[PDB]
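Visitor: Let me give you the structure first, and then I'll get to my questions.
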Amino acid sequence: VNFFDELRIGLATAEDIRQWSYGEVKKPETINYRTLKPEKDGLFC
Amino acid sequence: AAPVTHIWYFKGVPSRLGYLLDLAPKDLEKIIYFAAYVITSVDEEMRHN
Amino acid sequence: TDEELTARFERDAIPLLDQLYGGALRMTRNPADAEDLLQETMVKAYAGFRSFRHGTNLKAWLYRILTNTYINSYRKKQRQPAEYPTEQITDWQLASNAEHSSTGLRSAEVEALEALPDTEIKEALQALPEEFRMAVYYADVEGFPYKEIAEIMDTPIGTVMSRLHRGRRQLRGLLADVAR
Amino acid sequence: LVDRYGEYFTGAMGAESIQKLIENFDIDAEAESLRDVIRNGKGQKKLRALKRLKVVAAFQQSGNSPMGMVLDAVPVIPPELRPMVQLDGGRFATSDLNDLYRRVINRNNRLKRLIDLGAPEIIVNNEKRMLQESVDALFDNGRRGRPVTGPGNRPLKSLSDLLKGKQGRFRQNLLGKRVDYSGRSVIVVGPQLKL
DNA sequence: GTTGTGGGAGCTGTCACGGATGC
DNA sequence: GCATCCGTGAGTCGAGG
RNA sequence: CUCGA
């Protein structure tokens with residue numbers, strides 16, 4: 001609604017970093033070269 | 001697999017890590033990048049005994 | 001002491017890894033890639049160090065190890081596929097990609113007009129009895145299974161499917177000249 | 001000092017070391033013992049006191065445990081903000097970010113595989129240093145050491161580069177943007193015009 | 001599975017300033 | 001006791017390829 | 001990269 005009152009910063013604890021996440025990426029693979037499809041558990045999973 | 005220092009707070013002049021632990025930035029670097037060991041804690045009672 | 005025949009590796013093999021670096025960096029053209037390659041080679045050599053003959057030259061063994069590891073790296077990089085880094089993909093690149101994508105870079109105009117009702121098909125639907133048309137909706141637009149259509153309609157399956165057939169026939173009648 | 005006396009102390013090198021030093025750290029103790037010496041005397045030592053006190057007092061009054069300064073988990077930015085495309089030619093283009101993340105993740109997996117293979121302490125120490133350096137690149141590439149370069153020796157745009165500069169996020173996309181219902185063209189004098 | 005000889009490209013014609021650092 | 005070494009600034013908006 | 005005000 002564009003009527004916030006304040007905006008605040010703070011160092012993120014690993015707890016915050018994991019609460020944010022939706023899953024951990026594990027592989028360097030990005031997309032399947034053939035099918036142009038994101039490799040699972042990759043940076044585009 | 002092993003913790004990492006947020007380079008903002010180590011290399012960011014003045015080194016926040018330095019001022020927080022009262023360590024010279026150069027020694028802090030030697031520590032962080034594996035050119036020198038640092039003493040985490042000493043068992044003073046056992047040593048005295 | 002098989003664990004001692006490994007620490008002896010820690011005495012002999014460690015010193016020459018500096019020149020091993022030098023070489024792998026002359027190979028990879030990049031410092032970070034040279035470090036990654038040196039670590040990969042050291043892992044490969046330590047894992048199967050049982051194959052290293054005692055008292056014989058160890059530098060050439062690790063050297064061939066590094067060269068073979070670099071060859072394997074390139075072989076795996078063949079099907080990368082062809083990734084290149086850029087500080088920013090350009091508007092030219094974005095539009096040129098949209099020129100071959102399933103959905104193009106759409107406009108506020110396109111969106112707002114899409115939100116509007118298609119008068120032709122809306123009129124063609126309003127003609128059919130709202131029961132057979134509700135059926136053609138639950139069956140064609142939403143794609144429900146006929147069992148779920150019978151459920152949500154509170155009617156038997158036969159009535160649902162008969163309304164489906166009749167309504168499809170009707171709307172194809174009114175929407176055949178419209179479809180084209 | 002380890003062969004003998006080893007059972008009496010604990011020591012190590014790396015970031016885990018700083019994490020421990022921060023754990024065994026009394027913030028209130030340091031803050032008040034620094035105030036005592038800041039009011040004790042005056043001079044270069046008092047300037048050191050005031051400076052080294054600003055940060056400790058911030059950490060005290062903020063409720064931000066200094067532990068944050070060391071990370072055990074890195075956050076990955078959504079893919080749409082580091083997009084990937086293919087240009088005319090089948091080749092692909094990606095954001096520098098993706099490459100820095102890929103290096104970090106590769107070195108992390110290699111560190112895991114080394115820890116499992118119980119390799120020499122020097123090898124694992126090298127892998128840990130490489131991991132720290134790669135995360136530093138991912139965050140503020142070029143800040144420490146030689147910057148990470150892609151093809152053509154171009155220093156990759158780290159995560160800090162996205163906020164800095166005339167063409168960074170703030171000055172380039174927040175303080176001014178491109179708008180619709182707009183156009184451009186060359187101007188010519190019209191004398192018959194009204195002001 | 002790797003066992004004869006082994007240091008890479010890069011600046012590299014900027015300036016003016018202020019404040020940690022480091023001997 | 002400070003002298004250096006480093007890290008930060010250094011105009012805007014437009015066109016191709 | 002070069003070019004326009």
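Each chain in the structure tokens gets a letter, A, B and so on, in the order shown; residues start at 1 in every chain, and ligands are counted from 1 in the order they appear.
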Specify as an NGL selection string all residues of chain E found within 12 Å of chain D, counting only C-alpha atoms (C1' of nucleotides).
Guide: :E and (9-11 or 20)
Visitor: Segment 26-182 of chain D: which residues are helix (DSSP H, G or I) by DSSP, as JSON, numbers by chain?
Guide: {"D": [27, 28, 29, 30, 31, 32, 33, 34, 35, 36, 37, 38, 39, 40, 44, 45, 46, 47, 48, 49, 50, 51, 52, 53, 54, 55, 56, 57, 58, 59, 60, 61, 62, 66, 67, 68, 69, 79, 80, 81, 96, 97, 98, 99, 100, 101, 102, 103, 104, 105, 106, 107, 108, 109, 110, 111, 112, 113, 114, 115, 116, 121, 122, 123, 124, 125, 126, 127, 128, 129, 130, 131, 132, 133, 134, 135, 136, 137, 138, 139, 140, 169, 170, 171, 172, 173, 174]}
Visitor: Suppose you want the space between atom CA of residue 13 of chain D and atom CA of residue 49 of chain B; what is it in Å?
Guide: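 Here the two named atoms are 27.7 Å from each other.
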Visitor: Quick one: residues within 10 Å of residue 8 of chain F, only C-alpha atoms (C1' of nucleotides) counted, chain neighbours fewer than 2 positions away excluded, as a PyMOL selection string?
Guide: (chain E and resi 17-18) or (chain F and resi 6)
Visitor: Based on DSSP run over this structure's backbone, return all residues of chain D in strand (DSSP E), as a list in words.
Guide: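 Matching residues for strand (DSSP E) in chain D are residues 9, 10, 11, 12, 70, 71, 84, 85, 86, 92, 93, 94 and 95 of chain D.
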Visitor: How would the residues just chosen look if you wrote them out with N, CA and C atoms as a CSV table (one decimal), in the first residue's frame?
Guide:
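Output below, filename result-v1.csv:
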chain,number,residue,atom,x,y,z
D,9,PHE,N,45.4,-27.1,25.9
D,9,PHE,CA,44.9,-25.9,25.2
D,9,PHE,C,44.2,-26.4,23.9
D,10,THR,N,43.5,-25.4,23.2
D,10,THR,CA,42.9,-25.7,21.9
D,10,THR,C,43.3,-24.6,21.0
D,11,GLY,N,43.7,-24.9,19.7
D,11,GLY,CA,44.1,-24.0,18.8
D,11,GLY,C,43.8,-24.5,17.4
D,12,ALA,N,43.7,-23.5,16.4
D,12,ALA,CA,43.5,-23.9,15.0
D,12,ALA,C,43.6,-22.6,14.2
D,70,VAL,N,30.2,-14.3,11.0
D,70,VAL,CA,30.7,-15.5,10.4
D,70,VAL,C,29.5,-16.3,9.9
D,71,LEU,N,29.6,-16.9,8.8
D,71,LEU,CA,28.4,-17.5,8.1
D,71,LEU,C,28.7,-19.0,8.0
D,84,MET,N,19.4,-16.3,-17.1
D,84,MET,CA,20.1,-17.0,-18.2
D,84,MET,C,19.3,-16.9,-19.5
D,85,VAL,N,20.0,-16.7,-20.6
D,85,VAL,CA,19.4,-16.7,-21.9
D,85,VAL,C,20.4,-17.3,-22.9
D,86,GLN,N,19.8,-17.6,-24.1
D,86,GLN,CA,20.7,-18.0,-25.2
D,86,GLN,C,20.5,-17.0,-26.3
D,92,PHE,N,25.1,-19.6,-24.7
D,92,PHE,CA,24.3,-19.0,-23.6
D,92,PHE,C,25.0,-17.9,-22.9
D,93,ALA,N,24.3,-17.0,-22.4
D,93,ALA,CA,24.8,-15.9,-21.5
D,93,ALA,C,24.1,-16.0,-20.2
D,94,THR,N,24.9,-15.7,-19.1
D,94,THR,CA,24.4,-15.7,-17.8
D,94,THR,C,25.0,-14.6,-17.0
D,95,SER,N,24.4,-14.3,-15.8
D,95,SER,CA,24.9,-13.2,-15.0
D,95,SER,C,26.1,-13.7,-14.2
Visitor: Can you list, as a list in words, every protein, DNA or RNA residue that comes within 12 Å of residue 166 of chain D when you count only C-alpha atoms (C1' of nucleotides), leaving out same-chain residues fewer than 2 positions away?
Guide: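 Contacts, with the query itself left out: residues 161, 162, 163, 164, 168, 169, 170, 171, 172, 173, 174, 175 and 176 of chain D; 9, 10, 11 and 12 of chain F.
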Visitor: Quick one: write out the picked residues with N, CA and C atoms (P, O5', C5', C4', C3', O3' and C1' of nucleotides) as a PDB file, in the first residue's frame?
Guide:
ATOM      1  N   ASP D 161      28.752  -5.205  -6.394  1.00  0.00           N
ATOM      2  CA  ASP D 161      28.706  -4.368  -7.588  1.00  0.00           C
ATOM      3  C   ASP D 161      27.276  -3.996  -7.964  1.00  0.00           C
ATOM      4  N   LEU D 162      26.297  -4.826  -7.594  1.00  0.00           N
ATOM      5  CA  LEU D 162      24.913  -4.554  -7.960  1.00  0.00           C
ATOM      6  C   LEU D 162      24.330  -3.358  -7.223  1.00  0.00           C
ATOM      7  N   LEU D 163      24.953  -2.911  -6.132  1.00  0.00           N
ATOM      8  CA  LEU D 163      24.463  -1.738  -5.418  1.00  0.00           C
ATOM      9  C   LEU D 163      25.280  -0.480  -5.681  1.00  0.00           C
ATOM     10  N   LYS D 164      26.532  -0.613  -6.106  1.00  0.00           N
ATOM     11  CA  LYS D 164      27.441   0.521  -6.191  1.00  0.00           C
ATOM     12  C   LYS D 164      27.398   1.174  -7.569  1.00  0.00           C
ATOM     13  N   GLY D 168      24.898   1.164 -10.711  1.00  0.00           N
ATOM     14  CA  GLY D 168      24.420   0.215  -9.730  1.00  0.00           C
ATOM     15  C   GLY D 168      22.938   0.384  -9.461  1.00  0.00           C
ATOM     16  N   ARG D 169      22.433  -0.423  -8.527  1.00  0.00           N
ATOM     17  CA  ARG D 169      20.993  -0.463  -8.292  1.00  0.00           C
ATOM     18  C   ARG D 169      20.455   0.898  -7.858  1.00  0.00           C
ATOM     19  N   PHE D 170      21.074   1.512  -6.847  1.00  0.00           N
ATOM     20  CA  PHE D 170      20.528   2.746  -6.286  1.00  0.00           C
ATOM     21  C   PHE D 170      20.427   3.840  -7.343  1.00  0.00           C
ATOM     22  N   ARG D 171      21.570   4.278  -7.872  1.00  0.00           N
ATOM     23  CA  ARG D 171      21.567   5.430  -8.767  1.00  0.00           C
ATOM     24  C   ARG D 171      20.905   5.119 -10.106  1.00  0.00           C
ATOM     25  N   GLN D 172      20.972   3.867 -10.565  1.00  0.00           N
ATOM     26  CA  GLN D 172      20.551   3.525 -11.921  1.00  0.00           C
ATOM     27  C   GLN D 172      19.114   3.026 -12.020  1.00  0.00           C
ATOM     28  N   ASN D 173      18.560   2.422 -10.969  1.00  0.00           N
ATOM     29  CA  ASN D 173      17.228   1.838 -11.051  1.00  0.00           C
ATOM     30  C   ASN D 173      16.253   2.340  -9.996  1.00  0.00           C
ATOM     31  N   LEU D 174      16.717   3.005  -8.943  1.00  0.00           N
ATOM     32  CA  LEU D 174      15.823   3.537  -7.923  1.00  0.00           C
ATOM     33  C   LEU D 174      15.652   5.045  -7.999  1.00  0.00           C
ATOM     34  N   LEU D 175      16.737   5.793  -8.201  1.00  0.00           N
ATOM     35  CA  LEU D 175      16.671   7.245  -8.322  1.00  0.00           C
ATOM     36  C   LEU D 175      16.297   7.704  -9.725  1.00  0.00           C
ATOM     37  N   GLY D 176      15.966   6.776 -10.619  1.00  0.00           N
ATOM     38  CA  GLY D 176      15.596   7.110 -11.982  1.00  0.00           C
ATOM     39  C   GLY D 176      15.441   5.878 -12.849  1.00  0.00           C
TER      40      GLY D 176
ATOM     41  P    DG F   9      32.228   5.368  -3.905  1.00  0.00           P
ATOM     42  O5'  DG F   9      32.111   6.872  -4.430  1.00  0.00           O
ATOM     43  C5'  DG F   9      33.155   7.404  -5.205  1.00  0.00           C
ATOM     44  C4'  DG F   9      33.004   8.899  -5.404  1.00  0.00           C
ATOM     45  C3'  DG F   9      32.989   9.339  -6.871  1.00  0.00           C
ATOM     46  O3'  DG F   9      31.680   9.735  -7.251  1.00  0.00           O
ATOM     47  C1'  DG F   9      34.924  10.167  -5.790  1.00  0.00           C
ATOM     48  P    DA F  10      31.181   9.503  -8.758  1.00  0.00           P
ATOM     49  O5'  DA F  10      32.173  10.406  -9.636  1.00  0.00           O
ATOM     50  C5'  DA F  10      32.321  11.797  -9.345  1.00  0.00           C
ATOM     51  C4'  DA F  10      33.401  12.424 -10.212  1.00  0.00           C
ATOM     52  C3'  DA F  10      33.448  11.924 -11.642  1.00  0.00           C
ATOM     53  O3'  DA F  10      32.535  12.653 -12.437  1.00  0.00           O
ATOM     54  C1'  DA F  10      35.630  11.915 -10.731  1.00  0.00           C
ATOM     55  P    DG F  11      31.415  11.883 -13.290  1.00  0.00           P
ATOM     56  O5'  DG F  11      30.541  13.060 -13.918  1.00  0.00           O
ATOM     57  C5'  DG F  11      29.561  13.713 -13.125  1.00  0.00           C
ATOM     58  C4'  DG F  11      28.347  14.059 -13.965  1.00  0.00           C
ATOM     59  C3'  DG F  11      27.795  12.909 -14.783  1.00  0.00           C
ATOM     60  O3'  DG F  11      26.891  12.139 -13.998  1.00  0.00           O
ATOM     61  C1'  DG F  11      27.965  14.868 -16.132  1.00  0.00           C
ATOM     62  P    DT F  12      26.242  10.796 -14.597  1.00  0.00           P
ATOM     63  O5'  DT F  12      25.148  11.332 -15.633  1.00  0.00           O
ATOM     64  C5'  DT F  12      24.066  12.132 -15.169  1.00  0.00           C
ATOM     65  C4'  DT F  12      23.252  12.690 -16.327  1.00  0.00           C
ATOM     66  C3'  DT F  12      22.764  11.669 -17.335  1.00  0.00           C
ATOM     67  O3'  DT F  12      21.596  11.009 -16.852  1.00  0.00           O
ATOM     68  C1'  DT F  12      23.556  13.625 -18.441  1.00  0.00           C
TER      69       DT F  12
END
Visitor: Enumerate as a PDB file with N, CA and C atoms, in the first residue's frame the residues belonging to chain B that approach chain D to within 8 Å, with only C-alpha atoms taken into account.
Guide:
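Output saved as result12.pdb:
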ATOM      1  N   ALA B   1      30.552 -26.297   4.256  1.00  0.00           N
ATOM      2  CA  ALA B   1      31.248 -27.359   4.972  1.00  0.00           C
ATOM      3  C   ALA B   1      32.111 -26.819   6.102  1.00  0.00           C
ATOM      4  N   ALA B   2      32.484 -25.540   6.046  1.00  0.00           N
ATOM      5  CA  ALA B   2      33.265 -24.880   7.076  1.00  0.00           C
ATOM      6  C   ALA B   2      32.879 -23.411   7.067  1.00  0.00           C
ATOM      7  N   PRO B   3      32.756 -22.777   8.230  1.00  0.00           N
ATOM      8  CA  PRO B   3      32.312 -21.381   8.259  1.00  0.00           C
ATOM      9  C   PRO B   3      33.232 -20.478   7.449  1.00  0.00           C
ATOM     10  N   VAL B   4      32.680 -19.338   7.042  1.00  0.00           N
ATOM     11  CA  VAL B   4      33.397 -18.326   6.278  1.00  0.00           C
ATOM     12  C   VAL B   4      33.110 -16.965   6.894  1.00  0.00           C
ATOM     13  N   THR B   5      34.126 -16.108   6.945  1.00  0.00           N
ATOM     14  CA  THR B   5      33.914 -14.745   7.407  1.00  0.00           C
ATOM     15  C   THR B   5      33.301 -13.913   6.291  1.00  0.00           C
ATOM     16  N   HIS B   6      32.349 -13.063   6.658  1.00  0.00           N
ATOM     17  CA  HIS B   6      31.751 -12.148   5.696  1.00  0.00           C
ATOM     18  C   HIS B   6      32.765 -11.066   5.358  1.00  0.00           C
ATOM     19  N   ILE B   7      33.343 -11.142   4.157  1.00  0.00           N
ATOM     20  CA  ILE B   7      34.477 -10.287   3.812  1.00  0.00           C
ATOM     21  C   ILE B   7      34.176  -8.821   4.078  1.00  0.00           C
ATOM     22  N   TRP B   8      32.898  -8.434   4.044  1.00  0.00           N
ATOM     23  CA  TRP B   8      32.540  -7.061   4.393  1.00  0.00           C
ATOM     24  C   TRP B   8      33.084  -6.675   5.759  1.00  0.00           C
ATOM     25  N   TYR B   9      32.986  -7.578   6.730  1.00  0.00           N
ATOM     26  CA  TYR B   9      33.329  -7.242   8.102  1.00  0.00           C
ATOM     27  C   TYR B   9      34.788  -7.512   8.444  1.00  0.00           C
ATOM     28  N   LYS B  11      37.544  -7.438   5.775  1.00  0.00           N
ATOM     29  CA  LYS B  11      38.336  -6.551   4.937  1.00  0.00           C
ATOM     30  C   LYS B  11      37.771  -5.140   4.870  1.00  0.00           C
ATOM     31  N   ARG B  16      35.730  -4.652  11.052  1.00  0.00           N
ATOM     32  CA  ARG B  16      34.811  -4.854  12.166  1.00  0.00           C
ATOM     33  C   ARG B  16      35.239  -6.036  13.022  1.00  0.00           C
ATOM     34  N   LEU B  17      35.706  -7.116  12.391  1.00  0.00           N
ATOM     35  CA  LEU B  17      36.227  -8.242  13.159  1.00  0.00           C
ATOM     36  C   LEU B  17      37.385  -7.802  14.041  1.00  0.00           C
ATOM     37  N   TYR B  19      38.194  -4.723  15.263  1.00  0.00           N
ATOM     38  CA  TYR B  19      37.730  -3.921  16.389  1.00  0.00           C
ATOM     39  C   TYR B  19      36.908  -4.741  17.375  1.00  0.00           C
ATOM     40  N   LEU B  20      36.242  -5.795  16.907  1.00  0.00           N
ATOM     41  CA  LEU B  20      35.398  -6.579  17.801  1.00  0.00           C
ATOM     42  C   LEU B  20      36.225  -7.514  18.671  1.00  0.00           C
ATOM     43  N   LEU B  21      37.291  -8.086  18.117  1.00  0.00           N
ATOM     44  CA  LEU B  21      38.192  -8.956  18.860  1.00  0.00           C
ATOM     45  C   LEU B  21      39.508  -8.280  19.211  1.00  0.00           C
ATOM     46  N   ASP B  22      39.672  -7.000  18.874  1.00  0.00           N
ATOM     47  CA  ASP B  22      40.907  -6.263  19.139  1.00  0.00           C
ATOM     48  C   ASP B  22      42.113  -6.980  18.531  1.00  0.00           C
ATOM     49  N   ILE B  31      45.112 -15.291  10.164  1.00  0.00           N
ATOM     50  CA  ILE B  31      44.248 -16.295  10.773  1.00  0.00           C
ATOM     51  C   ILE B  31      43.257 -16.835   9.752  1.00  0.00           C
ATOM     52  N   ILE B  32      42.527 -15.934   9.091  1.00  0.00           N
ATOM     53  CA  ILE B  32      41.369 -16.343   8.303  1.00  0.00           C
ATOM     54  C   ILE B  32      41.790 -17.148   7.081  1.00  0.00           C
ATOM     55  N   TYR B  33      42.930 -16.812   6.483  1.00  0.00           N
ATOM     56  CA  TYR B  33      43.351 -17.447   5.244  1.00  0.00           C
ATOM     57  C   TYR B  33      44.479 -18.454   5.451  1.00  0.00           C
ATOM     58  N   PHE B  34      44.623 -18.979   6.671  1.00  0.00           N
ATOM     59  CA  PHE B  34      45.381 -20.209   6.930  1.00  0.00           C
ATOM     60  C   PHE B  34      46.890 -20.025   6.751  1.00  0.00           C
ATOM     61  N   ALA B  35      47.417 -18.901   7.229  1.00  0.00           N
ATOM     62  CA  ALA B  35      48.856 -18.691   7.294  1.00  0.00           C
ATOM     63  C   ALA B  35      49.375 -18.670   8.723  1.00  0.00           C
ATOM     64  N   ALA B  36      48.517 -18.928   9.707  1.00  0.00           N
ATOM     65  CA  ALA B  36      48.906 -18.861  11.106  1.00  0.00           C
ATOM     66  C   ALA B  36      47.795 -19.458  11.957  1.00  0.00           C
ATOM     67  N   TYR B  37      48.183 -20.169  13.013  1.00  0.00           N
ATOM     68  CA  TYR B  37      47.224 -20.697  13.970  1.00  0.00           C
ATOM     69  C   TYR B  37      46.889 -19.644  15.024  1.00  0.00           C
ATOM     70  N   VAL B  38      45.718 -19.799  15.634  1.00  0.00           N
ATOM     71  CA  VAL B  38      45.292 -18.937  16.727  1.00  0.00           C
ATOM     72  C   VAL B  38      44.797 -19.812  17.870  1.00  0.00           C
ATOM     73  N   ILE B  39      44.982 -19.319  19.091  1.00  0.00           N
ATOM     74  CA  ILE B  39      44.673 -20.074  20.300  1.00  0.00           C
ATOM     75  C   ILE B  39      43.235 -19.765  20.702  1.00  0.00           C
ATOM     76  N   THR B  40      42.362 -20.770  20.606  1.00  0.00           N
ATOM     77  CA  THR B  40      40.944 -20.563  20.882  1.00  0.00           C
ATOM     78  C   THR B  40      40.679 -20.403  22.376  1.00  0.00           C
ATOM     79  N   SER B  41      41.276 -21.264  23.200  1.00  0.00           N
ATOM     80  CA  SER B  41      41.068 -21.231  24.644  1.00  0.00           C
ATOM     81  C   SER B  41      42.134 -22.077  25.326  1.00  0.00           C
ATOM     82  N   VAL B  42      42.481 -21.688  26.553  1.00  0.00           N
ATOM     83  CA  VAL B  42      43.519 -22.343  27.341  1.00  0.00           C
ATOM     84  C   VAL B  42      42.905 -22.839  28.644  1.00  0.00           C
ATOM     85  N   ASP B  43      43.220 -24.083  29.010  1.00  0.00           N
ATOM     86  CA  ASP B  43      42.758 -24.688  30.262  1.00  0.00           C
ATOM     87  C   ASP B  43      43.741 -24.301  31.358  1.00  0.00           C
ATOM     88  N   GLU B  44      43.408 -23.243  32.098  1.00  0.00           N
ATOM     89  CA  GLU B  44      44.376 -22.676  33.030  1.00  0.00           C
ATOM     90  C   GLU B  44      44.516 -23.533  34.283  1.00  0.00           C
ATOM     91  N   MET B  46      44.128 -26.922  34.670  1.00  0.00           N
ATOM     92  CA  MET B  46      44.948 -28.096  34.396  1.00  0.00           C
ATOM     93  C   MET B  46      46.417 -27.713  34.261  1.00  0.00           C
ATOM     94  N   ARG B  47      46.694 -26.605  33.570  1.00  0.00           N
ATOM     95  CA  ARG B  47      48.073 -26.157  33.423  1.00  0.00           C
ATOM     96  C   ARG B  47      48.691 -25.835  34.778  1.00  0.00           C
TER      97      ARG B  47
END
Visitor: If we count only C-alpha atoms, which residues of chain A reach to within 12 Å of chain C? Please list them as a PyMOL selection string.
Guide: chain A and resi 28-37
Visitor: Residues within 12 Å of residue 95 of chain C, please, as a list in words. Count only C-alpha atoms (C1' of nucleotides); anything in the same chain fewer than 3 positions from it doesn't count.
Guide: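 Within the cut-off, the hits are residues 89, 90, 91, 92, 98, 99, 100, 101, 103, 104, 105 and 106 of chain C; 85, 86, 87 and 88 of chain D.
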Visitor: Mind writing the picked residues with N, CA and C atoms as a short mmCIF file (atom, residue, chain, number, x, y, z; two decimals), in the first residue's frame?
Guide:
data_model
loop_
_atom_site.label_atom_id
_atom_site.label_comp_id
_atom_site.auth_asym_id
_atom_site.auth_seq_id
_atom_site.Cartn_x
_atom_site.Cartn_y
_atom_site.Cartn_z
N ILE C 89 22.87 -9.06 -18.98
CA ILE C 89 22.22 -9.38 -20.24
C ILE C 89 21.51 -8.14 -20.75
N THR C 90 21.68 -7.85 -22.04
CA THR C 90 21.23 -6.59 -22.60
C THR C 90 19.78 -6.67 -23.06
N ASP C 91 19.18 -5.50 -23.26
CA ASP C 91 17.83 -5.44 -23.81
C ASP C 91 17.79 -6.05 -25.21
N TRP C 92 18.84 -5.83 -26.01
CA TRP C 92 18.93 -6.53 -27.28
C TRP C 92 18.83 -8.04 -27.06
N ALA C 98 13.19 -13.25 -26.59
CA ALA C 98 11.73 -13.28 -26.69
C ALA C 98 11.26 -13.56 -28.11
N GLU C 99 12.09 -13.25 -29.11
CA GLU C 99 11.76 -13.53 -30.50
C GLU C 99 11.63 -15.02 -30.81
N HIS C 100 12.01 -15.91 -29.87
CA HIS C 100 11.94 -17.35 -30.10
C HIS C 100 11.34 -18.09 -28.91
N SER C 101 10.75 -17.38 -27.96
CA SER C 101 10.24 -17.98 -26.73
C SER C 101 8.76 -18.32 -26.87
N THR C 103 6.38 -17.30 -24.80
CA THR C 103 5.65 -16.07 -24.54
C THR C 103 6.61 -14.90 -24.69
N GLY C 104 6.20 -13.89 -25.46
CA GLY C 104 7.04 -12.73 -25.66
C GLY C 104 6.96 -11.74 -24.51
N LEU C 105 7.86 -10.76 -24.56
CA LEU C 105 7.80 -9.66 -23.60
C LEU C 105 6.51 -8.89 -23.81
N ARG C 106 5.55 -9.07 -22.92
CA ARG C 106 4.22 -8.52 -23.13
C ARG C 106 4.13 -7.09 -22.62
N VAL D 85 20.04 -16.73 -20.57
CA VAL D 85 19.40 -16.71 -21.88
C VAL D 85 20.35 -17.35 -22.89
N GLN D 86 19.85 -17.57 -24.10
CA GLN D 86 20.67 -18.02 -25.21
C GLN D 86 20.54 -17.02 -26.34
N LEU D 87 21.67 -16.66 -26.94
CA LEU D 87 21.72 -15.67 -28.00
C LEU D 87 21.72 -16.37 -29.35
N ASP D 88 21.69 -15.57 -30.41
CA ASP D 88 21.80 -16.12 -31.76
C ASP D 88 23.11 -16.88 -31.89
#
Visitor: In Å, how far is it from atom CA of residue 155 of chain D to atom CA of residue 96 of chain D?
Guide: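 Going from atom CA of residue 155 of chain D over to atom CA of residue 96 of chain D covers 9.1 Å.
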